[PDB]
Structures are given as structure tokens and as C-alpha cells.
Amino acid sequence: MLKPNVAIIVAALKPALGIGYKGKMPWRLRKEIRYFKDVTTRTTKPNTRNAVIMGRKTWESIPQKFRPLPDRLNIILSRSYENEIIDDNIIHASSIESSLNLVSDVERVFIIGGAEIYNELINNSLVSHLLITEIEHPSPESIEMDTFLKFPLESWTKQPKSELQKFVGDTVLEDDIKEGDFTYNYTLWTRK
Ligand SMILES: NC(=O)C1=CN([C@@H]2O[C@H](COP(=O)(O)OP(=O)(O)OC[C@H]3O[C@@H](n4cnc5c(N)ncnc54)[C@H](OP(=O)(O)O)[C@@H]3O)[C@@H](O)[C@H]2O)C=CC1
Ligand SMILES: CC[C@@H](C#Cc1c(C)nc(N)nc1N)c1cc(OC)c(OC)c(OC)c1
């Protein structure tokens, strides 16, 4: 797969874009999790699948029985990994571009975490899309948080809902989704 277009997909607490605390997520948003599954899994054509790409620590964060994420090609990046195809669903590599050179019959490519990977790849020109779930809370400063996105969103353009709807096909997009004290919305951004 040569020069694929790649999407970052992430859920972040506004305005500081917090995404984790001590290696774990600071919320469990059931509908958001289902959205993550649907969008990363769904393809627009028959006989293909998507690839999900993540750093080694994000991989290890998944309970070993629940990885690889089903119905998607899983790609894990480590600075200690030489290129290796583990099985049909798992690839080891040290860069996204080189990992994807090993691949065919893949439609969309998503970056699914974590912070370090996100903060590097936002400045990689293969990334064309940001699927950001904007989370809001009455007192965001009260949420334990030590991990943040460093995204230069001034070089990006938040698209209208119709563009996101087009991207996700028939996936249902509910506005102002509320779980506990969190409210959230799915967004789509493209390079300015
Ligand atoms: N809110 C959300 O939607 C999400 C949040 N998260 C959050 O992110 C946090 C974890 O992120 P973080 O700790 O940064 O972990 P990451 O998953 O980003 O992994 C970092 C590791 O990835 C590998 N890596 C980084 N850069 C490269 C590179 N250029 N080439 C090859 N390998 C590379 C390295 O592995 P190695 O050391 O083996 O070389 C590095 O140690 C958690 O708190 C989690 O909750 C994660 C996913 C989603
Ligand atoms: C390994 C990817 C990470 C994520 C994410 C993620 C989510 C939820 N939402 C959005 N908008 N972007 C993301 N990138 C993730 C960790 C987990 O902990 C074991 C999961 O099981 C509970 C999980 O369910 C599949 C997913």
C-alpha cells in the first residue's frame, strides 16, 4: 500500500484536549466506544478491511484476550520492532508508512493511539483526517488528567456534519450525547 490517506481517531476532553491519566482513559463512554468500533470496522466496498495502527503501550493496554481488535488489520509500532507479519491480523513495524507497504486489500487506515503516536503523526502529511470526539464536562479541571493532545488545530478545518455523515456512511450520529456528567459530539477535521 503506497502513500495511503490516514485518519486520526481520538476522544478528547475540551478545551485542553486531555486524553488519558496514568496510562488509562479517564471516562468510559459506551456509545463512544461503539462509535469507535463501527467507524474503524466499516468499509464502503466488498472484500476489504480497515487497518488500525497503535503504539506498543496502547496495544498492551488491551486485555490480551480482546486483542487483536476483531475485523481489522492491527498494526503495532515499537522502536524495537523489525518489520514482522505475525499473522493475518497482526503486524509489527517501526513506522506507519513502512508497515503499510506490507499491506494490500485494506481500505481505510486509522491511528487509534496513544498520545505519543498522536502527537508525532498529526504532523505527518499522510494524515488527511481527524475524527475527534469532543468531550465536555462542567468542571473539566476536576478530571484527573496528565496526557494531552498537542494538535495545531489552526492548520485544520472542522467540517460540517454532512461531511462526517458522508465519511461514516449510515452510522447514526447523535448530537450532544450524554453519559454521567460528560456531553460529547463526533467531529471531522481536514487540513486547512
Ligand atoms: N482518549 C482516547 O481516544 C485514547 C487515549 N489513549 C491514551 O493514551 C495514553 C497512552 O499513550 P502513550 O503512553 O503515549 O502510548 P502510545 O500508545 O502512544 O505508545 C508509545 C510507544 O509507541 C512506540 N513509538 C512511539 N513513536 C514511535 C515511532 N516514531 N516509531 C516506532 N515506534 C514508536 C514506542 O514504543 P517502544 O517503547 O516499544 O519503542 C513508544 O514507547 C493512555 O493514557 C491512554 O488512555 C489511547 C488511545 C485512545
Ligand atoms: C486500543 C484502542 C483504544 C481506543 C480508543 C478510542 C476510542 C474508545 N474512541 C475514539 N474516538 N478513539 C479511540 N482511539 C482502546 C482501549 C481499550 O482498553 C482496553 C479498549 O477496550 C475498552 C478499546 O475498545 C475497543 C479501545
# chains A, B, ... in the order shown; residues from 1 in each chain; ligands from 1
call {"tool": "select_by_dssp", "arguments": {"residues": "chain A", "states": "alpha helix (DSSP H)", "output": "ChimeraX atom specification"}}
result
/A:30-41,56-61,96-100,115-121,161-168
call {"tool": "residues_near_ligand", "arguments": {"ligand": "ligand 1", "cutoff": "7 Å", "atoms": "only C-alpha atoms and all ligand atoms", "output": "JSON, numbers by chain"}}
result
{"A": [9, 10, 11, 12, 19, 20, 21, 22, 23, 24, 25, 54, 55, 56, 57, 58, 59, 77, 78, 79, 80, 94, 95, 112, 113, 114, 115, 116, 117, 118, 147]}
call {"tool": "atom_distance", "arguments": {"atom1": "atom CA of residue 75 of chain A", "atom2": "atom CA of residue 148 of chain A"}}
result
22.6 Å
call {"tool": "residues_around", "arguments": {"residues": "residue 51 of chain A", "least_positions_apart": "5", "cutoff": "7 Å", "atoms": "only C-alpha atoms", "output": "ChimeraX atom specification"}}
result
/A:72-74,106,108-110
call {"tool": "write_last_selection", "arguments": {"atoms": "N, CA, C and O atoms", "output": "CSV table (one decimal), in the first residue's frame"}}
result
chain,number,residue,atom,x,y,z
A,72,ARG,N,-10.4,-6.1,11.8
A,72,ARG,CA,-9.5,-5.0,11.3
A,72,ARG,C,-8.0,-5.6,11.3
A,72,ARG,O,-7.7,-6.3,12.2
A,73,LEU,N,-7.2,-5.1,10.4
A,73,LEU,CA,-5.8,-5.4,10.5
A,73,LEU,C,-5.2,-4.5,11.6
A,73,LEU,O,-5.2,-3.3,11.5
A,74,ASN,N,-4.6,-5.2,12.6
A,74,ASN,CA,-3.9,-4.5,13.7
A,74,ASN,C,-2.4,-4.3,13.4
A,74,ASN,O,-1.7,-5.3,13.2
A,106,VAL,N,-6.7,-3.3,2.0
A,106,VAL,CA,-7.1,-2.5,3.1
A,106,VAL,C,-7.6,-1.2,2.5
A,106,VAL,O,-7.0,-0.6,1.7
A,108,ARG,N,-9.5,1.7,4.6
A,108,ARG,CA,-9.1,2.9,5.4
A,108,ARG,C,-8.1,2.6,6.4
A,108,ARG,O,-7.9,1.4,6.8
A,109,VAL,N,-7.3,3.6,6.8
A,109,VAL,CA,-6.3,3.4,7.8
A,109,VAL,C,-6.5,4.4,8.9
A,109,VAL,O,-6.6,5.6,8.7
A,110,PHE,N,-6.6,3.9,10.2
A,110,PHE,CA,-6.9,4.7,11.4
A,110,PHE,C,-5.7,4.6,12.4
A,110,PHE,O,-5.3,3.5,12.7
call {"tool": "closest_residue", "arguments": {"among": "A:40, A:61, A:185, A:123", "to": "residue 161 of chain A", "atoms": "only C-alpha atoms"}}
result
A:185
call {"tool": "closest_residue", "arguments": {"among": "A:98, A:64, A:162, A:43", "to": "ligand 2", "atoms": "only C-alpha atoms and all ligand atoms"}}
result
A:64
call {"tool": "atom_distance", "arguments": {"atom1": "atom 9 (N, counted along the ligand's line) of ligand 2", "atom2": "atom CA of residue 41 of chain A"}}
result
12.7 Å
call {"tool": "closest_residue", "arguments": {"among": "A:34, A:92, A:45, A:129", "to": "ligand 2", "atoms": "only C-alpha atoms and all ligand atoms"}}
result
A:34
call {"tool": "closest_residue", "arguments": {"among": "A:104, A:133, A:157, A:125", "to": "residue 176 of chain A", "atoms": "only C-alpha atoms"}}
result
A:133
call {"tool": "closest_residue", "arguments": {"among": "A:188, A:135, A:149, A:143", "to": "residue 166 of chain A", "atoms": "only C-alpha atoms"}}
result
A:188
call {"tool": "residues_around", "arguments": {"residues": "residue 142 of chain A", "least_positions_apart": "6", "cutoff": "12 Å", "atoms": "only C-alpha atoms", "output": "PyMOL selection string"}}
result
chain A and resi 13+18+26+181
call {"tool": "write_last_selection", "arguments": {"atoms": "N, CA, C and O atoms", "output": "compact mmCIF listing (two decimals), in the first residue's frame"}}
result
# COMPACT_ATOMS: atom_id res chain seq x y z
N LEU A 13 -11.08 15.56 25.96
CA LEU A 13 -11.83 16.49 26.80
C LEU A 13 -11.42 17.94 26.53
O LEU A 13 -10.26 18.29 26.65
N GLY A 18 -7.41 16.72 26.87
CA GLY A 18 -6.92 15.62 27.69
C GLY A 18 -7.43 14.31 27.12
O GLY A 18 -8.57 14.23 26.64
N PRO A 26 -9.82 8.38 31.18
CA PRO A 26 -10.48 9.00 32.33
C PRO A 26 -12.01 9.02 32.26
O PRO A 26 -12.66 9.82 32.94
N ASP A 181 -21.66 12.89 33.74
CA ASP A 181 -21.56 14.35 33.61
C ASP A 181 -20.90 14.80 32.30
O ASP A 181 -20.72 15.99 32.08
call {"tool": "closest_residue", "arguments": {"among": "A:1, A:126, A:173, A:69", "to": "ligand 2", "atoms": "only C-alpha atoms and all ligand atoms"}}
result
A:69
call {"tool": "atom_distance", "arguments": {"atom1": "atom CA of residue 52 of chain A", "atom2": "atom CA of residue 146 of chain A"}}
result
24.5 Å
call {"tool": "residues_around", "arguments": {"residues": "residue 136 of chain A", "least_positions_apart": "2", "cutoff": "8 Å", "atoms": "only C-alpha atoms", "output": "NGL selection string"}}
result
:A and (13-14 or 134 or 138 or 140 or 182-184)
call {"tool": "write_last_selection", "arguments": {"atoms": "C-alpha atoms", "output": "CSV table (one decimal), in the first residue's frame"}}
result
chain,number,residue,atom,x,y,z
A,13,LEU,CA,-11.8,16.5,26.8
A,14,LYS,CA,-12.1,20.2,25.9
A,134,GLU,CA,-15.1,16.5,21.5
A,138,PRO,CA,-19.0,21.2,33.8
A,140,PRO,CA,-13.0,19.7,33.4
A,182,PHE,CA,-19.9,14.1,30.1
A,183,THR,CA,-21.5,15.5,27.0
A,184,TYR,CA,-19.9,14.8,23.5
call {"tool": "residues_around", "arguments": {"residues": "segment 178-180 of chain A", "least_positions_apart": "4", "cutoff": "9 Å", "atoms": "only C-alpha atoms", "output": "ChimeraX atom specification"}}
result
/A:28-31,184
call {"tool": "write_last_selection", "arguments": {"atoms": "C-alpha atoms", "output": "mmCIF file, in the first residue's frame"}}
result
data_model
loop_
_atom_site.group_PDB
_atom_site.id
_atom_site.type_symbol
_atom_site.label_atom_id
_atom_site.label_comp_id
_atom_site.auth_asym_id
_atom_site.auth_seq_id
_atom_site.Cartn_x
_atom_site.Cartn_y
_atom_site.Cartn_z
ATOM 1 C CA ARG A 28 -15.970 5.050 29.965
ATOM 2 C CA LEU A 29 -18.317 6.280 27.268
ATOM 3 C CA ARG A 30 -20.249 3.255 25.997
ATOM 4 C CA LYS A 31 -21.719 4.891 22.913
ATOM 5 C CA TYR A 184 -19.945 14.800 23.545
#
